[PDB]
There are 2 protein chains.
Amino acid sequence: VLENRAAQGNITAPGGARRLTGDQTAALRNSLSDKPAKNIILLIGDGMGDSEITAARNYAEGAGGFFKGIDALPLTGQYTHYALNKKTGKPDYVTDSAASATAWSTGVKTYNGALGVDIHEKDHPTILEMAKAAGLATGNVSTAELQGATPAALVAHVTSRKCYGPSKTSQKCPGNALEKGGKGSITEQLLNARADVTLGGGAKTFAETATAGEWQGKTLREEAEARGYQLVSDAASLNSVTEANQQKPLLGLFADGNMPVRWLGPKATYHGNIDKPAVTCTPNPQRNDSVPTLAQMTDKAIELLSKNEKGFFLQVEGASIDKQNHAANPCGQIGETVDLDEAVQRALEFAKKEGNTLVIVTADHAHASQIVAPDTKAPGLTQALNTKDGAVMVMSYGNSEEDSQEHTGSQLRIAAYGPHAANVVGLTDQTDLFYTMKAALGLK
Amino acid sequence: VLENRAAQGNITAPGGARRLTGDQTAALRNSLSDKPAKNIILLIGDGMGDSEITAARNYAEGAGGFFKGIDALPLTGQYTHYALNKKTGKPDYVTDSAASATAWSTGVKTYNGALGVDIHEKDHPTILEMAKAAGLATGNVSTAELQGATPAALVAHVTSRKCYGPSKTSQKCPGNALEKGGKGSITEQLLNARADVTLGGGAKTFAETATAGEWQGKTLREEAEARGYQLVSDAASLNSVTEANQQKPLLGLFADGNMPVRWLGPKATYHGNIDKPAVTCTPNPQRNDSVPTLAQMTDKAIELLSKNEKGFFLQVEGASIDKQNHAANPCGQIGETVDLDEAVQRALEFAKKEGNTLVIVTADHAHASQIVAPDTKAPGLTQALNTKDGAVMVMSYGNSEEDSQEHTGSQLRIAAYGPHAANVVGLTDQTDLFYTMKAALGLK
Ligand SMILES: [Mg+2]
Ligand SMILES: [Mg+2]
Ligand SMILES: [Zn+2]
Ligand SMILES: [Zn+2]
Ligand SMILES: [Zn+2]
Ligand SMILES: [Zn+2]
């Protein structure tokens, strides 16, 4: 259960590359607790499998380095995230963001594209709903559109993840359409869920007007304001928020769509590791100092949420790891993994002081990127990068001849710290997480 | 710390896909022991990363299934296996078989191709050599040529893994070349190391004659006999062996090159998941019934080795997982993963019963195979398979245009059971494995 896992010294010498400073038995034994958790923070790196973690550590911290956030959770395991074929109910080996998020939030498998509904299109309550009912405070933060699959899975039960607002719902999720007597689009269901703290992008869908119900005619933003939501749109206004509760829940919309990525780098190309020079990522000029960082949103959320005596449940998502992986952009992808590590550090720092918080870091599924030899002549897209060690690392995306690289179905790392964190050890299924969180918090 | 990790029931229903029957905390806590291990069995799946484990499980046991051997080890973690660039001394992100094996059996990082020597081309003692010095019984078994990087790393100190016998050594490893002061070729050093049990392939190099020393002029096979080794070449004679020790060391050579693979299936092709029907693996008709299986050799070895009162150290290798991954042959690859699982089961059974045996299952490095969506249009080699679920799973190899798919650098799974197994948890380095084993046996 050590906190420092960096190489001991000279990696070229006997024992210089070791990460362990001694025997873990006693320490590891001491970190095993079945006492109930008072709080839970689930950090999700979208599409951040072991490959993505390795590539970003190698680049930002060096091969023998270690992420003070992502690599510091003591209890580790691997878990499966296969989805279901809607027709046959047989496993679909490669899941999408929707079905995977639904699994840990509701504890039941589903088909690719569904949010909060099972194979029968039947709704099941999510962990955030159950927590909110027990009286715990709830948060939902992400760097993607708040209507994106991952954050949406905690507050919406819809049949197609594309049903963002009234427009898409009427024609893609007729049965959820508010007019048809349904629960409504993702956005409207998010407004109904009323989590104490909700922060992310996706401001554009709030410009749509409800077709039915009490706030018919008004845009979703107006409905938000009318219902008591405090709205903030930048780092500054977010910083000034001093309270977030059921009487005045917080809703931050920092981008029309997804929030900008931190690093800028060119897209990987065919024979790019041979024909193009090694790259060194630089900061993204399109990102303003007004758009909050994940670490800032996480920090603010934790402070506002920790005021609730009963406890809180918070989910944080580094959304664009997946997105930049689809786009075959190593810098964008690595910058976002680093961005999430800072968020995990904020969470771990709170967890350690408080002493009753279960922190979990994992991904919804694996992705395309592979770390390959400098001289690889690959069929897909590749790029050479200048890492922190002062050495070149080549990354490869070779599973799609299309504009978008794809998810992969490999089991991946799940790590945790705190009460009940032992239930993450060994082989488990993504659905076990739901039950692990429910039992730690003592939910019924 | 449970033994059954299969999905509980109906994966389409709430909680039907769970692998956990309850809370692991107490069980896990109980499986944490710092008592010294009397024996160690290290099973290595060459190139068996998390993706490889997942594909094989999907195919052979179904997505919700579980490997009775590979998935039954309770303590899990992820470890790094980067090598060193020979010139700069800086990390080389994608290791080879030789450099990786050298790290766990020696405790020092090295460059690609080196066997048992650091970057300064200096020899370091291996855990097998140290075990044998403490009076423990030693075993080395593998399905590849005994001269291959994985088994050789335990008995040879050579500057290039290509120095199989006298010929290649003279030309590629002149400094190790027997006929000028070196300890000899891989085969000559293996013959000098004299482990109690050595089983595998590579009988072809034993046909070479030493160029100097006492047995100059005789084939290496003749030298083996002159030195007291019992030579067995098929299952029946292997099964007939009664004892193996320093007076009568067992040397089993079951093939000229590598042992034949268990299953047969076609090679993945360009758009193979689209232009060709799904495939169903079949037993390899060429595999002679007289050639032992990895589990049979593992089983026989444990039997002979456990006769030493002091204990034993045993390394077992499912070598062709890697070779078939290079060749882009899913059936070949999965068959060898299944093969290794049976070996693991044999190991776990002895371990559970004896109660002072540390079992570790891991891989030397990650590989190329990826599990992708059935409709994937990939730039590399794909193939569709009919899984145990009656569902189609697609595999992809897209990191090389050469005739050999490549290793990848992602951190991968390491799992253990027994005394000191807690040291495998969290993030560690491949070199930490050396120290964990050295400490487990008290082999300082
Ligand atoms: Mg997402
Ligand atoms: Mg090998
Ligand atoms: Zn995703
Ligand atoms: Zn995606
Ligand atoms: Zn290997
Ligand atoms: Zn290989």
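With ideal geometry, Cβ positions are generated from the backbone for all residues, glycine too; neighbour counts draw on all protein chains shown. What follows is calculated from the coordinates using simple rules that are stated; it is not laboratory data.
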Output for the stretch A:186-230, where each listed residue is under 18 Å from A:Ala301 (Cβ atoms) and basic (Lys, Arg): A:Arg194
Can you tell me which residue within the stretch A:402-418, out of those that are of a type in the set (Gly, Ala, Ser) and in a strand (DSSP E or B), is farthest from the other protein chains (Cβ to nearest Cβ)? A:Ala416
Run A:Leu231 past the list (1) more than 23 Å from A:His157 (Cβ to Cβ); (2) part of a loop (DSSP other than H, G, I, E, B) and report the number of the one that doesn't hold. (2)
Considering only residues that are free of Cβ contacts under 8 Å to residues at least 40 places away in the same chain and under 11 Å from A:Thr12 (Cβ atoms), look in the stretch B:108-121 and name the one that is surrounded by the most Cβ atoms within 10 Å (Cβ to Cβ). B:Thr110
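In the stretch B:75-93, is there at least one residue being within 16 Å of ligand 2 (Cβ to nearest atom), at negative phi and either in a strand (DSSP E or B) or not aliphatic (A, V, I, L, M) (or both)?
Yes; the residues of the stretch B:75-93 include at least one that is within 16 Å of ligand 2 (Cβ to nearest atom), at negative phi and either in a strand (DSSP E or B) or not aliphatic (A, V, I, L, M) (or both).
For every residue, the table says whether it meets (1) within 16 Å of ligand 2 (Cβ to nearest atom); (2) over 28 Å from B:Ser31 (Cβ atoms); (3) in a loop (DSSP other than H, G, I, E, B).
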| residue | (1), (2), (3) |
| --- | --- |
| A:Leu2 | no, no, yes |
| A:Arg5 | no, no, yes |
| A:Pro14 | no, yes, yes |
| A:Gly22 | no, no, yes |
| A:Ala27 | no, no, no |
| A:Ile44 | no, yes, no |
| A:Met48 | no, yes, yes |
| A:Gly62 | no, yes, yes |
| A:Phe66 | no, no, yes |
From the option list A:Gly148, A:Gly182, single residue qualifying as within 14 Å of ligand 1 (Cβ to nearest atom) and either away from chain B (no Cβ under 14 Å) or under 19 Å from A:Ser100 (Cβ atoms) (or both) is A:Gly148
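Would you pick out the residues in the stretch B:34-69 that are within 16 Å of ligand 6 (Cβ to nearest atom), in contact with a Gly (Cβ under 9 Å, 6 or more places away or on another chain) and not charged (D, E, K, R)?
Hits for the stretch B:34-69 are B:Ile44, B:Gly45, B:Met48, B:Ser51.
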Out of B:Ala83, B:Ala56, B:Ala37, B:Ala99, I need the residue that is more than 16 Å from ligand 1 (Cβ to nearest atom), small (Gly, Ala, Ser), more than 10 Å from every other protein chain (Cβ to nearest Cβ) and in contact with a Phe, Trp or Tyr (Cβ under 7 Å, 6 or more places away or on another chain). Which one? B:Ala99
Residue that is nearest to the other protein chains (Cβ to nearest Cβ), among those in the stretch B:347-374 that are within 16 Å of ligand 2 (Cβ to nearest atom) and not in a strand (DSSP E or B): B:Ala368
Regarding B:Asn140, is this residue away from ligand 4 (no atom under 16 Å from the Cβ), over 19 Å from B:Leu314 (Cβ atoms) and among the polar types (S, T, N, Q)? no
Condition (residue is of a type in the set (A, V, I, L, M), within 16 Å of ligand 3 (Cβ to nearest atom), over 30 Å from A:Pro36 (Cα atoms) and more than 15 Å from the chain's Cα centre (by Cα)) applied to the stretch A:385-407: is it met by at least one residue? no
If we keep only residues of the stretch A:10-32 that are more than 7 Å from chain B (Cβ to nearest Cβ) and farther than 19 Å from B:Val424 by Cβ, then the residue farthest from ligand 6 (Cβ to nearest atom) is A:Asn10
Among (1) part of a helix (DSSP H, G or I); (2) crowded, with 24+ Cβ neighbours inside 10 Å; (3) more than 14 Å from chain A (Cβ to nearest Cβ), the one test that B:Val344 misses: (3)
Tell me, yes or no, whether the stretch B:164-179 has at least one residue that is within 16 Å of ligand 2 (Cβ to nearest atom) and assigned to a loop (DSSP other than H, G, I, E, B). yes
Counted residues, the stretch A:133-159 - those being in contact with a strand residue (DSSP E or B) (Cβ under 8 Å, 6 or more places away or on another chain) and in a loop (DSSP other than H, G, I, E, B): 9
Just to check your reading of the model, which residue among B:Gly69, B:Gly62, B:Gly89 is away from ligand 5 (no atom under 16 Å from the Cβ), surrounded by fewer than 24 Cβ atoms within 10 Å (Cβ to Cβ), within 10 Å of chain A (Cβ to nearest Cβ) and closer than 30 Å to B:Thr12 by Cβ? B:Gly62
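Residues checked against (1) aliphatic (A, V, I, L, M); (2) more than 13 Å from ligand 1 (Cβ to nearest atom); (3) free of Cβ contacts under 8 Å to residues at least 40 places away in the same chain:
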position	(1), (2), (3)
A:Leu136	yes, yes, no
A:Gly139	no, yes, no
A:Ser167	no, yes, no
A:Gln171	no, yes, yes
A:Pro174	no, yes, yes
A:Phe206	no, yes, no
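Give the number of residues within the stretch A:180-198 that are assigned to a helix (DSSP H, G or I) and in contact (Cβ under 8 Å) with a residue 40 or more places away in the chain.
So the answer is 4.
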Can you name the residue in the stretch A:79-106 that is charged (D, E, K, R) and free of Cβ contacts under 8 Å to residues at least 40 places away in the same chain and is also nearest to A:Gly49 (Cα to Cα) among such residues? A:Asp92
Identify all residues within the stretch B:127-137 that are under 11 Å from B:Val155 (Cα atoms) and surrounded by 24 or more Cβ atoms within 10 Å (Cβ to Cβ); write none if there are none. B:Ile127
Out of (1) surrounded by fewer than 24 Cβ atoms within 10 Å (Cβ to Cβ); (2) touching a helix residue (DSSP H, G or I) at 6+ places or on another chain (Cβ under 8 Å); (3) facing chain A (nearest Cβ under 8 Å); (4) not aliphatic (A, V, I, L, M), the odd one out for B:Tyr435 is which? (2)
Within the stretch B:395-414, can you find the residues that are of a type in the set (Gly, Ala, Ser), within 15 Å of ligand 5 (Cβ to nearest atom) and over 15 Å from B:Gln430 (Cβ atoms)? B:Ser404
Can you tell which of B:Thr80, B:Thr21 is surrounded by fewer than 24 Cβ atoms within 10 Å (Cβ to Cβ) and either in contact with a helix residue (DSSP H, G or I) (Cβ under 6 Å, 6 or more places away or on another chain) or β-branched (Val, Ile, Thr) (or both)? B:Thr21
Only one of (1) farther than 13 Å from B:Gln430 by Cβ; (2) within 11 Å of chain A (Cβ to nearest Cβ); (3) of a type outside the set (S, T, N, Q) fails for B:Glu121. Which number is that? (2)
In the stretch B:286-321, how many residues are assigned to a strand (DSSP E or B) and among the hydrophobic types (A, V, I, L, M, F, W, C)? 4
Let me confirm something: among B:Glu309, B:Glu336, B:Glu317, which residue is farther than 29 Å from B:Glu406 by Cα and among the acidic types (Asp, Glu)? B:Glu309
